[PDB]
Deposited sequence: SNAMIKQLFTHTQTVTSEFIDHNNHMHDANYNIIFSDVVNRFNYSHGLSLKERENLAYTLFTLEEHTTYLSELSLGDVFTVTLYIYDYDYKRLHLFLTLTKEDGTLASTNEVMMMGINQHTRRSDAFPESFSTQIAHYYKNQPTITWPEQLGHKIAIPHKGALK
């Protein structure tokens, strides 16, 4: 049995500013929120305790009013290096997040989550250097 931490929610009025699409930084709000949710449930509760060092975000598909989406969390690497996917109801990959944190027994919860997470092909968004072609 392979496992995937998941958070589903819907695009609300708060998340939209102009021309009926989810505002760019609100994606980041969501990604952060879901990342805390993963650490809150993996040994580092606010009552138990991490600093965000770095993050990359790609926006691939527009998100409209009422649109329900899912954020799925993968461990790409650790010593920790995360990769989160934001997918539509169709399964359409709508956004990506790549994110690095560090500290200021969780090593077990994250180890067994990594050991028990499914194998996917990492999309081209992972470690894609930003440039104009």
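A.B. asks: Comparing the deposited sequence with the modelled residues, which stretches have no C-alpha coordinates?
C.D. replies: Absent from the structure are positions 1-4, 54-59, 90-92, 118-129, 159-164.
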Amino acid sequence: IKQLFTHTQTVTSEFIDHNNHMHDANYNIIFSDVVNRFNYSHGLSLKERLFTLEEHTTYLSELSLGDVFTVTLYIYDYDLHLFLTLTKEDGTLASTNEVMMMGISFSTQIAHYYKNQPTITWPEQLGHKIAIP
From here on, numbers count along this sequence of modelled residues.
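A.B. asks: For the C-alpha atoms alone, is the average B factor greater in 67-75 or in 40-48, going by the entry?
C.D. replies: The entry gives the higher C-alpha B-factor average to 40-48.
A.B. asks: Hey, what third does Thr119 fall into on Cα B-factor, ranked over its chain?
C.D. replies: Ranked within chain, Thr119 CA B lands in the highest tercile.
A.B. asks: Divide the modelled residues of the chain into thirds by Cα B-factor and specify which third, lowest, middle or highest, holds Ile132.
C.D. replies: Within its chain, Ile132 is a highest-third residue by C-alpha B-factor, going by the deposited values.
A.B. asks: Should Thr108 be placed in the lowest, middle or highest third of its chain by the C-alpha B factor in the entry?
C.D. replies: Highest third of the chain for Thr108's C-alpha B-factor.
A.B. asks: By the record's CA B-factor, is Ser61 among the lowest, middle or highest third of residues in the chain?
C.D. replies: Its C-alpha B-factor, which the entry lists for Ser61, ranks in the highest third among residues of this chain.
A.B. asks: Among the modelled residues of this chain, does the Cα B factor of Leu84 put it in the lowest, middle or highest third?
C.D. replies: Answer is lowest: the recorded C-alpha B-factor places it there.
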